[PDB]
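J.: Can you keep this structure in mind? I'll have questions shortly.
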Amino acid sequence: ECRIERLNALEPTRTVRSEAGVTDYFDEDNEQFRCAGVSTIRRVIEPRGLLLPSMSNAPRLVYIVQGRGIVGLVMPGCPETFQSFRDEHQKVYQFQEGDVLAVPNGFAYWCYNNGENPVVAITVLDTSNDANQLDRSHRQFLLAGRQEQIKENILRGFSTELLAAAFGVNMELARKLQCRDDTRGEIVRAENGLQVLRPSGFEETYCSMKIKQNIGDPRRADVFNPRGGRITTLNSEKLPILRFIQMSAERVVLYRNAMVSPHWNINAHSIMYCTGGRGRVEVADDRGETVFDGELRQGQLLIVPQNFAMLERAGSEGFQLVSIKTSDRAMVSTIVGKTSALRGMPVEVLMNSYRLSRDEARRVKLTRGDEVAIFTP
Amino acid sequence: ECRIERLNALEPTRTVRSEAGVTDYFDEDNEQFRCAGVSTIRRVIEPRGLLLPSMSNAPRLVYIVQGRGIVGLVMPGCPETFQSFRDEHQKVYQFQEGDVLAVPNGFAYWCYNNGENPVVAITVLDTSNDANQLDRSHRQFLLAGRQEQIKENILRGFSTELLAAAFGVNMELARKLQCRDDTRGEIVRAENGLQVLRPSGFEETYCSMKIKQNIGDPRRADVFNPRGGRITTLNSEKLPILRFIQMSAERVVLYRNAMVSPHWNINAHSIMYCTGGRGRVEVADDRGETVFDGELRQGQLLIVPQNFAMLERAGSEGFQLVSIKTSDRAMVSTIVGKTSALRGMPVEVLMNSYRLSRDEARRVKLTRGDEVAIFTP
Amino acid sequence: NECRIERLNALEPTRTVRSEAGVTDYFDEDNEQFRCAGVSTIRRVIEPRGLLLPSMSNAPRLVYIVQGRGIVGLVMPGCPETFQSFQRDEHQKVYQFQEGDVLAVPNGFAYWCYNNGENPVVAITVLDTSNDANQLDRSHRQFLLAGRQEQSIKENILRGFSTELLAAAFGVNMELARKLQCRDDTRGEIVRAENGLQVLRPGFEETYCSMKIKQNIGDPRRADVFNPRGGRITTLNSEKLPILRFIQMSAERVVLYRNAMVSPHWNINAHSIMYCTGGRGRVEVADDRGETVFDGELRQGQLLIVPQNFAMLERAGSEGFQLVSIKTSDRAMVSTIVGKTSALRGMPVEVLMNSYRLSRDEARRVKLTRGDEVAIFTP
Amino acid sequence: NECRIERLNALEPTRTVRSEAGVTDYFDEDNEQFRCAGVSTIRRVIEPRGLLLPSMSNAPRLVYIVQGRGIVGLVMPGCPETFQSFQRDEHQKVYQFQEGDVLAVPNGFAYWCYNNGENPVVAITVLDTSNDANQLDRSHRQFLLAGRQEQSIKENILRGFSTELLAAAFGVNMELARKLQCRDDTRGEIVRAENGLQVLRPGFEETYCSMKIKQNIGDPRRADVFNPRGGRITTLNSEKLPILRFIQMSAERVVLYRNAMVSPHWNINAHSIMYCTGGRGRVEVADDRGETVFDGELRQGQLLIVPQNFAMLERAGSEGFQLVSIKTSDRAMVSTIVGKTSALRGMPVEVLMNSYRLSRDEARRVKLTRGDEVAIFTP
Amino acid sequence: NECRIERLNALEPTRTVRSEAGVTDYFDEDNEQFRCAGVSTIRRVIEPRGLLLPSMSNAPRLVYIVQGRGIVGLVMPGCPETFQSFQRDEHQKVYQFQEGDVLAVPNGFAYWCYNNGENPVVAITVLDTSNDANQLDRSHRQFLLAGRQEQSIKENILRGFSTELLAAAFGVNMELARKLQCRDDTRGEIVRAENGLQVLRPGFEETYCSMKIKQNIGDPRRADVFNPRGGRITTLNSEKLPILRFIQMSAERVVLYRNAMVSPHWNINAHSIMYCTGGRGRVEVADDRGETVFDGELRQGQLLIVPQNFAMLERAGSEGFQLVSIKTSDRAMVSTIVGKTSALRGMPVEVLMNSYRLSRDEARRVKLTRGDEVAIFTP
């Protein structure tokens with residue numbers, strides 16, 4: 001199924017409006033998504049919107065395109081370290097635009113928007129991940145509420161009598177936990193704001209894992225040309241939990257007319273989402289065939305399969321994207337540039353390969369031979 | 001195929017009586033077994049019954065429900081450390097009820113019952129394990145005898161002339177090794193008992209791996225409530241070879257009317273086999289749909305898929321089960337209890353999620369909030 | 001070994017070397033407590049527009065930015081220069097730091113630091129000279145790539161080379177090779193950039209060459225433990241910052257509100273090098289003799305080494321009490337005595353009864369009075 | 001280092017401290033052989049109904065239960081209490097031990113031990129004070145959580161804290177905090193529970209918090225090497241008990257039948273701390289000088305350190321000969337000289353001919369006479 | 001620690017022990033430089049038909065074959081004999097070595113070496129006596145399985161055993177057991193095989209028992225760095241030879257053509273034990289004081305220890321200059337000062353300007369003149 005002749009700029013194909021936001025869904029059955037083995041979701045969470053606790057069968061990365069807020073990830077078996085003597089809960093993470101959040105499969109996750117603007121969050125679930133032992137699709141298990149599809153929360157699957165016995169509660173509260181008459185969807189409004197505990201042994205190790213890393217801050221660039229742009233990579237050498245999640249991310253900001261050097265992805269598929277600006281992408285496959293040659297703009301997604309070669313040139317407005325890759329420590333090999341396949345070949349190998357002269361072969365490898373990955377012609 | 005709407009209490013569907021016992025087979029083609037990616041077998045070995053040497057394409061865990069005896073696992077390339085100057089063979093392991101045995105794929109394994117009672121042994125083979133590079137089903141390779149299906153031993157596949165040449169034996173003994181007229185099946189009788197050598201460098205490392213661990217002894221419980229019962233987990237932090245086998249086990253004994261707190265399996269499927277007593281199981285899926293709600297009793301098996309939520313309440317007679325999980329270090333997340341998803345959430349998150357008051361949300365998380373996993377209402 | 005310490009005491013810098021654009025305060029690594037912990041500690045103040053010259057050390061280190069902001073450069077040998085502009089400059093990536101940042105510098109890597117704000121930078125550095133990474137002696141050996149520094153004046157390593165071979169090696173003339181040797185420099189290791197310092201700043205090189213070396217632990221939003229009337233704790237180890245698994249050191253930022261307490265605890269697998277950044281507090285430390293080996297206040301600028309396994313207790317004064325601790329292990333762990341995750345809460349009541357000759361009621365009061373509470377005990 | 005030992009000798013406890021419900025025998029960790037091995041050894045006898053008070057050590061240890069049965073508690077900080085009853089008590093899981101058990105206690109973890117049988121428990125403990133886990137001095141530092149012990153009397157760590165802060169920390173009154181400090185206790189570290197000791201006993205916490213800490217090696221059925229007329233050997237390392245890969249220690253139970261032999265061997269990657277639990281046997285040890293550094297009997301209660309690489313040989317007397325060895329490495333390995341897995345059997349006959357100036361026949365007799373035999377050589 | 005070295009100097013063997021079929025030269029492991037590096041070094045010459053008798057050492061080692069060819073045997077305990085012929089002999093696999101080979105021998109494994117060519121074998125061996133594998137003292141302890149050697153004469157380990165028990169252990173008579181003890185041997189540890197030495201040579205045992213122990217680094221075709229007018233470098237670490245990750249040592253073969261240079265560099269994570277195999281060259285070494293601690297020639301047969309972090313520079317004479325270095329770490333790494341992968345090339349021009357008080361032009365000349373060049377700088 002990865003033998004696809006065409007790529008398209010994808011957009012969500014089904015929206016579900018909840019009380020306090022919307023959830024956009026890309027088609028996990030598209031032949032490109034099946035090739036990469038992922039599902040992607042975009043949510044918008046209005047101010048005072050609360051994304052209800054749920055867990056998924058697939059590990060995921062969340063990129064915060066817009067807004068700020070608090071996220072909660074419950075690590076089972078870990079003690080509650082935030083407390084007041086009044087509440088007690090597990091630590092809460094405050095996020096802002098440019099952040100990447102890593103949620104392991106099987107962990108309960110909730111999200112609250114305490115900002116002035118909507119939070120826009122793009123999520124890529126690796127449904128092909130070895131951690132997922134169910135089928136190759138996103139299975140979401142809701143802990144509260146209900147989601148229009150429709151989707152009831154897991155507690156509704158228990159007889160209220162035993163739910164009452166398990167929780168130690170009278171059958172009327174046990175019934176309430178089943179959320180039967182709820183029609184708010186999976187993003188509800190906290191009308192008068194949500195107050196959580198917030199500042200302003202073995203639990204110091206596994207329970208204190210970092211789940212969030214900012215990649216949008218320009219000061220964090222790994223590659224920088226002041227007339228071309230910047231690239232910021234995120235993998236387990238920055239965020240340790242990604243060695244388990246087995247996915248990487250990349251923030252790319254190209255300035256006016258800048259280019260990302262032609263390259264292929266060595267060990268991963270790349271799921272790119274344009275957050276702003278405009279640019280042309282060109283993708284080439286193993287036949288030597290163009291499989292994409294088009295403009296990408298804000299809100300659109302394109303899947304570049306492993307080993308396909310790819311090229312980008314920003315428009316006059318610049319070009320900003322975030323890419324999720326289906327490997328930890330995802331790597332590219334550039335075709336030309338300082339660290340390139342061609343810069344590493346003997347000149348006579350280039351001469352006989354491309355039927356070129358010595359001077360032409362030297363131009364091929366040495367013209368860009370000192371530039372890393374962001375060009376400016 | 002893991003998208004199954006119903007679970008049933010399973011039982012073997014085909015029995016094969018051998019000279020000194022029977023082998024029961026669950027249907028590896030059942031949609032639940034295909035979802036979990038396992039095969040299970042139950043054997044009964046009468047006193048003086050010998051299970052003939054064989055090896056399988058899938059790693060396996062064996063739980064000894066009843067009886068005692070000796071097992072032999074040949075580790076290729078390891079020296080024979082049991083010897084008398086008369087025999088010489090590899091070390092032999094003496095097992096009893098409650099033991100779990102781990103047999104890697106590709107290793108030759110035999111079992112002898114030197115007790116007064118039958119040995120009853122349940123086996124779960126992980127046919128989806130990365131160690132299995134054949135097809136996703138149990139392929140058993142018999143080293144001696146023949147098994148009614150029918151199934152000849154691998155030596156019958158060799159021409160007796162070369163079998164004679166390889167072994168260095170005359171063609172009449174080489175013919176005998178092919179077990180042509182044998183009709184005893186895979187469990188034969190050692191009429192006058194089996195005598196093996198038995199007490200009463202690099203081979204100290206890999207060759208001395210522990211393959212057996214007892215989980216039935218109550219004194220070994222990891223979780224204990226004297227009015228509820230006990231839970232005993234087995235993974236690579238107890239038995240190192242399980243990091244390779246990639247499976248875990250659990251012994252659960254619930255006392256009269258006790259409950260196992262609602263939980264889901266984070267990183268594994270759970271294959272439970274009721275060894276005794278009686279209890280009700282309730283299982284809920286990602287739609288919020290009941291997919292099982294029934295009584296389980298001795299000799300029955302139920303497959304709880306990864307991430308499905310599940311609840312058990314023992315009957316008046318108590319309830320004992322053993323579970324095999326398709327991961328090393330298999331973990332659950334409880335919904336309520338001391339280490340629970342809900343105990344870890346801020347109260348206002350619960351209030352807005354379940355449309356509850358503060359007092360009700362506090363009852364939900366704090367009523368059982370000090371109890372670990374075994375309740376007694 | 002010097003870990004049979006009769007008494008502990010709070011420490012302050014013994015010698016102070018003034019440079020052109022800052023000062024370096026050295027704690028005495030020959031003090032028994034530093035010798036027991038196997039560390040050397042230095043404090044630096046870098047005035048605005050001051051550049052700490054490139055140098056490398058035999059020991060891995062953690063730097064805590066007490067105050068200020070600026071630019072840090074860590075040169076990873078064999079990694080490409082990925083910051084570049086054409087039309088001028090190319091160099092490796094530069095790291096912009098701020099108050100509360102922890103920086104991890106492996107031994108043997110060249111490092112430099114520039115203050116581009118208008119307030120002075122104050123850095124506290126703990127070097128693990130007992131680390132197996134250091135195969136020299138158990139002392140801080142600093143190798144300057146440029147400049148000179150009053151230890152007695154330590155020269156840069158190029159000064160050790162003959163002029164002719166250095167010219168040959170660098171492919172330049174004798175005059176320039178002589179200037180690299182920095183013969184008559186009087187500025188020290190923190191020098192003034194009077195024109196400001198302009199640098200460029202906003203395959204396999206995406207892996208090891210892109211290791212994060214910096215993590216902020218001062219930000220309140222990052223707390224791992226928090227009680228609104230007691231304070232907060234933020235831990236730093238390899239589960240947050242991967243390189244620490246090679247550095248083999250951890251850090252902790254503790255901020256105690258008025259009159260609050262850190263539960264009595266001992267460090268399980270590490271020594272703790274505690275530095276007070278603000279406020280005032282009472283610290284008591286007990287050893288394996290049951291003797292009080294410290295019972296004193298700590299104030300801003302003072303340092304206290306708490307040895308592994310020693311039990312300790314802290315209470316903020318009316319002003320609060322803030323510190324940063326550096327611990328001599330990756331994934332340093334503590335064991336509390338009382339509280340929700342503590343040694344006593346894990347023991348059967350009757351073990352405690354017989355141990356302390358207590359009634360069941362007294363046992364349950366010792367065990368359950370704080371049994372719900374995290375390490376930050378509200379007054 | 002003290003490993004240039006002229007002679008070895010069998011060791012016995014130097015000092016003996018009597019407690020209310022038992023005694024603790026200390027071997028001398030300052031002996032050259034203990035200093036060469038980098039260990040401290042203690043033997044304890046715990047009378048019935050005696051409780052060893054909770055304490056923690058700077059060094060990881062292996063305990064071998066020579067005799068008796070009872071209950072052990074190991075508190076893992078930050079793990080939930082999973083033994084609980086409601087209607088009363090909650091604590092961490094308790095471990096029931098018996099003769100032949102090996103218990104592994106990481107440094108820095110609180111540990112207690114109760115004898116609930118009617119015969120005394122005899123425990124032999126080897127502490128690896130050279131372990132990298134121990135960042136204090138190379139001696140056994142024990143930190144009592146309760147009680148007092150004649151080292152000179154060592155107080156518990158709470159005695160090091162001031163009464164007022166301990167009351168504040170524990171959230172209790174001054175009277176109770178004073179009693180925790182155990183001022184006037186005369187019982188020592190093994191105390192009598194006259195009413196018996198009743199304890200409860202039949203997510204992530206299913207992983208590290210559920211580490212097995214105990215493994216039986218005395219059971220004959222567990223042998224790794226067995227000859228019905230020679231005896232048996234049972235090895236304990238991280239391939240059986242995972243925690244040992246962090247403890248970095250291994251164990252071995254050797255039981256030799258009348259007049260049998262353990263093949264000459266050397267320890268490849270560890271020192272061997274050998275303790276005789278019964279019987280009598282001849283041990284000969286040879287060093288790198290070809291000198292006999294030990295040639296003596298061993299009987300019940302005696303200890304012998306065999307340094308790494310030293311070659312050694314054992315022969316039981318007419319009574320048999322039983323020992324337990326503790327080795328200073330995970331996955332400790334030996335190299336036999338003769339036998340099926342040995343150095344000589346692996347060498348070409350002509351190498352042996354030229355090495356010993358032997359005929360081919362003599363070479364083959366040296367090489368093949370025992371060439372079929374495991375390490376237990378029948379008389 | 002002795003790593004506060006005022007001066008370095010080139011070393012040569014202090015004592016020389018002559019055997020029947022060769023000689024062993026010992027460098028002085030008590031020299032400050034060897035004590036700083038934590039190594040012992042020996043050179044052996046093995047005449048044709050000479051056999052180095054089987055022995056094992058407390059320290060892991062790397063052997064470099066400077067000259068000759070022959071057969072090596074390493075006995076891995078508990079591995080099957082896989083070289084066998086029936087009709088006679090069976091033994092473990094034998095390793096045929098040649099000039100330029102590096103052999104890695106773990107501590108505690110029996111090793112022997114036979115010269116089956118007609119030119120003498122010259123082996124240079126570096127033993128890491130500071131390796132954590134060695135739990136004895138920090139000196140080279142060699143345990144002979146056969147023979148005797150003038151250290152004073154060291155006996156083989158079997159000489160330490162009583163004759164009667166050795167006979168019993170080996171299952172042979174008293175006369176043969178006495179001959180194994182090699183009482184009156186006068187040959188030393190390299191003995192003549194006058195009839196030649198004939199050996200056999202062309203499951204789990206396919207894994208650990210089949211570890212490669214030998215790798216050639218002398219072959220020009222194997223270069224990692226090469227400039228046709230400067231020379232070549234070939235690195236050996238665990239990315240080529242897996243066992244080195246346990247040996248924790250690396251090697252390097254440097255061959256400099258006439259007048260070429262190795263770029264100024266420091267060793268990041270290891271000491272360097274440099275031995276000159278041919279030619280002549282100038283080495284300059286600088287320390288953390290900026291002092292010249294070495295400035296001399298090196299010629300064939302001389303040894304130089306360069307401590308970790310010390311900066312060093314080498315220039316071949318008109319004859320070229322060849323060496324082998326052994327480094328005290330797996331995956332030993334260097335940091336160049338100038339060149340394509342260097343510290344200075346990674347730094348912003350303005351950092352260099354302010355550091356050395358240089359113009360932008362001077363800065364760019366220091367940074368870019370060699371900025372394209374690998375570690376081998378052509379004259």
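By convention in this document, the chains of the structure tokens carry letters A, B, ... by their order, each chain's residues are numbered from 1, and ligands are numbered from 1 in the order they are shown.
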As a PyMOL selection string, could you give me every residue of chain B near chain C (at most 12 Å apart, counting only C-alpha atoms)?
T.: chain B and resi 338+369-370
J.: Could you name the residues that touch stretch 113-117 of chain B at 9 Å or less, counting only C-alpha atoms, but leaving out those on the same chain fewer than 3 positions away, as a CSV table (one decimal) with N, CA, C and O atoms, in the first residue's frame?
T.:
chain,number,residue,atom,x,y,z
B,45,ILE,N,-1.0,-35.1,32.3
B,45,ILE,CA,0.0,-36.1,32.2
B,45,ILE,C,-0.1,-37.0,33.4
B,45,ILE,O,0.1,-36.6,34.6
B,46,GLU,N,-0.6,-38.3,33.2
B,46,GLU,CA,-0.8,-39.2,34.2
B,46,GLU,C,0.5,-39.5,34.9
B,46,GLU,O,1.6,-39.2,34.4
B,47,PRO,N,0.5,-40.0,36.1
B,47,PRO,CA,1.7,-40.5,36.8
B,47,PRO,C,2.4,-41.5,35.8
B,47,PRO,O,1.8,-42.2,35.1
B,48,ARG,N,3.8,-41.4,35.8
B,48,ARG,CA,4.7,-42.1,34.9
B,48,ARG,C,4.5,-41.7,33.4
B,48,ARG,O,5.1,-42.4,32.6
B,49,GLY,N,3.8,-40.6,33.1
B,49,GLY,CA,3.7,-40.2,31.8
B,49,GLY,C,4.9,-39.3,31.4
B,49,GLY,O,5.3,-38.4,32.2
B,50,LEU,N,5.4,-39.5,30.2
B,50,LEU,CA,6.6,-38.7,29.7
B,50,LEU,C,6.1,-37.9,28.5
B,50,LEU,O,5.8,-38.5,27.4
B,51,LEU,N,6.2,-36.6,28.5
B,51,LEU,CA,6.0,-35.8,27.3
B,51,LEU,C,7.2,-35.8,26.5
B,51,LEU,O,8.3,-35.3,26.9
B,66,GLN,N,-1.7,-28.3,38.5
B,66,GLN,CA,-1.8,-29.5,39.4
B,66,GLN,C,-0.5,-30.3,39.2
B,66,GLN,O,0.1,-30.4,38.1
B,67,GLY,N,-0.1,-30.9,40.3
B,67,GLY,CA,0.9,-32.0,40.2
B,67,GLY,C,2.4,-31.5,40.4
B,67,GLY,O,2.6,-30.3,40.7
B,68,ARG,N,3.3,-32.4,40.2
B,68,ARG,CA,4.7,-32.1,40.3
B,68,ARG,C,5.4,-33.1,39.4
B,68,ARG,O,4.8,-34.0,38.8
B,69,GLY,N,6.7,-32.8,39.2
B,69,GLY,CA,7.5,-33.7,38.3
B,69,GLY,C,8.9,-33.0,37.9
B,69,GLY,O,9.4,-32.2,38.7
B,70,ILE,N,9.4,-33.5,36.8
B,70,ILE,CA,10.7,-33.0,36.4
B,70,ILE,C,10.6,-32.5,34.9
B,70,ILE,O,9.9,-33.1,34.1
B,71,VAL,N,11.2,-31.4,34.6
B,71,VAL,CA,11.2,-30.9,33.2
B,71,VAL,C,12.7,-30.8,32.8
B,71,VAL,O,13.6,-30.5,33.5
B,193,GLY,N,8.9,-46.6,35.7
B,193,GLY,CA,9.4,-45.4,36.1
B,193,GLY,C,10.6,-44.9,35.3
B,193,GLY,O,11.2,-45.6,34.6
B,194,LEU,N,10.8,-43.6,35.4
B,194,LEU,CA,11.9,-42.9,34.7
B,194,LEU,C,13.0,-42.5,35.7
B,194,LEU,O,12.7,-41.8,36.6
J.: Within 12 Å of residue D:102, counting only C-alpha atoms, which residues qualify if same-chain residues fewer than 4 places away don't, as an MDAnalysis selection string?
T.: chainID D and resid 61:67 72 95:98 123:126 212:219 234:237 240:241 243:244 249:253 324:326
J.: Using only C-alpha atoms and a cut-off of 6 Å, which residues of chain D sit close to chain E? Please list them as a CSV table (one decimal) with C-alpha atoms, in the first residue's frame.
T.:
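part38.csv, freshly written:
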chain,number,residue,atom,x,y,z
D,1,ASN,CA,46.3,-1.9,48.0
D,3,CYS,CA,46.4,-7.5,47.7
D,268,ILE,CA,38.2,-14.9,36.6
D,286,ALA,CA,48.1,-20.8,45.0
D,288,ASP,CA,51.0,-15.7,41.0
D,289,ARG,CA,54.4,-16.5,42.6
D,290,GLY,CA,53.6,-20.2,42.5
D,291,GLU,CA,53.6,-20.1,46.3
D,292,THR,CA,51.2,-21.9,48.5
D,335,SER,CA,38.1,-21.1,35.0
D,341,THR,CA,35.4,-27.0,30.5
D,342,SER,CA,39.0,-26.3,31.5
D,346,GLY,CA,41.4,-26.4,25.4
D,347,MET,CA,45.1,-26.4,24.6
D,348,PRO,CA,46.7,-28.4,21.8
D,355,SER,CA,55.1,-26.4,28.2
D,356,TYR,CA,55.6,-29.1,30.8
J.: Could you give me the residues within stretch 82-309 of chain B that DSSP places in strand (DSSP E or B), as a PyMOL selection string?
T.: chain B and resi 82-84+87-89+92-96+99-103+108-112+119-125+140-142+146-147+151-152+187-189+212-214+223-225+229-234+248-254+259-265+270-284+290-297+301-304+309
J.: Grab the residues selected above and save them as a CSV table (one decimal), in the first residue's frame with C-alpha atoms.
T.:
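The new file again-v3.csv reads:
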chain,number,residue,atom,x,y,z
B,82,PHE,CA,24.7,-33.6,35.6
B,83,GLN,CA,26.8,-36.8,35.4
B,84,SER,CA,27.6,-40.1,37.0
B,87,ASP,CA,24.8,-41.1,32.4
B,88,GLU,CA,25.4,-37.5,31.5
B,89,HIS,CA,22.8,-34.9,30.7
B,92,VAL,CA,16.8,-31.1,35.2
B,93,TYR,CA,14.2,-28.9,36.8
B,94,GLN,CA,11.8,-30.2,39.5
B,95,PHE,CA,8.4,-28.4,39.3
B,96,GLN,CA,5.3,-28.3,41.4
B,99,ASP,CA,5.1,-22.9,39.0
B,100,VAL,CA,5.6,-20.9,35.8
B,101,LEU,CA,8.0,-22.4,33.2
B,102,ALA,CA,9.5,-20.3,30.4
B,103,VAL,CA,10.5,-22.2,27.2
B,108,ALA,CA,13.9,-28.9,23.0
B,109,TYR,CA,11.7,-29.5,26.0
B,110,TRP,CA,10.5,-32.7,27.8
B,111,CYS,CA,8.3,-33.2,30.9
B,112,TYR,CA,7.9,-36.2,33.2
B,119,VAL,CA,0.0,-32.9,36.2
B,120,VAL,CA,-2.3,-30.4,34.6
B,121,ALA,CA,-0.4,-27.7,32.7
B,122,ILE,CA,-1.7,-24.8,30.7
B,123,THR,CA,0.5,-23.3,28.0
B,124,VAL,CA,0.2,-20.0,26.2
B,125,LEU,CA,2.4,-19.7,23.1
B,140,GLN,CA,5.5,-27.9,16.9
B,141,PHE,CA,8.5,-29.9,15.8
B,142,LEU,CA,8.6,-33.4,17.4
B,146,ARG,CA,4.4,-39.1,16.5
B,147,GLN,CA,1.4,-36.9,17.4
B,151,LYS,CA,2.4,-35.4,12.9
B,152,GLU,CA,5.7,-37.3,12.4
B,187,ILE,CA,2.6,-38.5,26.2
B,188,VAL,CA,3.9,-42.1,26.7
B,189,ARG,CA,4.0,-44.3,29.8
B,212,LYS,CA,11.1,-21.6,36.4
B,213,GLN,CA,9.4,-19.3,39.0
B,214,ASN,CA,6.7,-20.2,41.6
B,223,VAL,CA,-0.5,-7.3,46.9
B,224,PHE,CA,-2.3,-8.7,49.9
B,225,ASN,CA,-5.6,-7.9,51.8
B,229,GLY,CA,-7.1,-11.8,48.5
B,230,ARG,CA,-3.7,-11.4,46.9
B,231,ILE,CA,-2.0,-10.8,43.6
B,232,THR,CA,1.4,-12.1,42.5
B,233,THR,CA,3.1,-10.6,39.4
B,234,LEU,CA,5.8,-12.3,37.4
B,248,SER,CA,4.4,-11.8,32.0
B,249,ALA,CA,2.1,-13.7,34.3
B,250,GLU,CA,-0.1,-13.0,37.3
B,251,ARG,CA,-1.6,-15.2,40.0
B,252,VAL,CA,-4.9,-13.7,41.4
B,253,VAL,CA,-6.8,-15.2,44.4
B,254,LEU,CA,-9.9,-13.3,45.4
B,259,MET,CA,-13.4,-7.4,43.8
B,260,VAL,CA,-10.4,-6.6,41.5
B,261,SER,CA,-10.6,-2.8,41.0
B,262,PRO,CA,-11.6,-1.8,37.5
B,263,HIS,CA,-8.5,-1.4,35.4
B,264,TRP,CA,-7.2,-1.6,31.8
B,265,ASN,CA,-4.1,-3.3,30.6
B,270,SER,CA,-4.3,-10.6,29.1
B,271,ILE,CA,-5.1,-14.3,28.7
B,272,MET,CA,-6.8,-15.4,31.9
B,273,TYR,CA,-7.5,-19.0,32.9
B,274,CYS,CA,-9.7,-19.8,35.9
B,275,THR,CA,-8.0,-22.5,38.0
B,276,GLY,CA,-10.8,-22.7,40.6
B,277,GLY,CA,-13.7,-21.0,42.3
B,278,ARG,CA,-16.2,-18.8,40.5
B,279,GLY,CA,-16.5,-15.1,39.7
B,280,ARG,CA,-18.2,-12.6,37.4
B,281,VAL,CA,-16.1,-10.7,34.9
B,282,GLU,CA,-17.2,-7.5,33.2
B,283,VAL,CA,-15.3,-6.1,30.2
B,284,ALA,CA,-15.8,-2.7,28.4
B,290,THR,CA,-20.2,-4.3,27.3
B,291,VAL,CA,-18.2,-7.0,25.5
B,292,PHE,CA,-18.4,-9.6,28.3
B,293,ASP,CA,-20.5,-9.9,31.4
B,294,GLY,CA,-20.5,-13.4,32.7
B,295,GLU,CA,-19.4,-15.9,35.2
B,296,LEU,CA,-16.1,-17.7,34.8
B,297,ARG,CA,-15.4,-21.1,36.4
B,301,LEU,CA,-10.3,-19.1,29.5
B,302,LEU,CA,-11.1,-15.4,28.6
B,303,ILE,CA,-9.0,-13.0,26.5
B,304,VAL,CA,-9.1,-9.4,27.7
B,309,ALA,CA,-11.4,-2.0,30.9
J.: Could you pull out all residues of stretch 7-89 of chain D with a DSSP call of helix (DSSP H, G or I) and give them as JSON, numbers by chain?
T.: {"D": [32, 33, 34, 35, 36, 37]}
J.: I'd like the interatomic distance between atom CA of residue E:205 and atom CA of residue B:204, to a tenth of an Å.
T.: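 Result for atom CA of residue E:205 versus atom CA of residue B:204: 13.7 Å, one decimal.
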J.: With only C-alpha atoms as the counted atoms, please give the residues lying no more than 6 Å from residue D:334, apart from itself and same-chain residues fewer than 2 positions off, as an MDAnalysis selection string.
T.: (chainID B and resid 201) or (chainID D and resid 266:268)
J.: Go ahead and save the residues from that selection, with N, CA and C atoms, as a compact mmCIF listing (two decimals), in the first residue's frame.
T.:
# COMPACT_ATOMS: atom_id res chain seq x y z
N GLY B 201 32.93 -21.26 33.98
CA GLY B 201 33.21 -20.33 32.91
C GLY B 201 31.93 -19.73 32.38
N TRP D 266 40.53 -21.02 39.04
CA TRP D 266 40.67 -19.66 39.53
C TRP D 266 39.42 -18.85 39.22
N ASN D 267 39.15 -17.85 40.06
CA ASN D 267 38.07 -16.92 39.82
C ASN D 267 38.53 -15.89 38.81
N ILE D 268 37.75 -15.72 37.76
CA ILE D 268 38.16 -14.89 36.64
C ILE D 268 37.96 -13.42 36.94
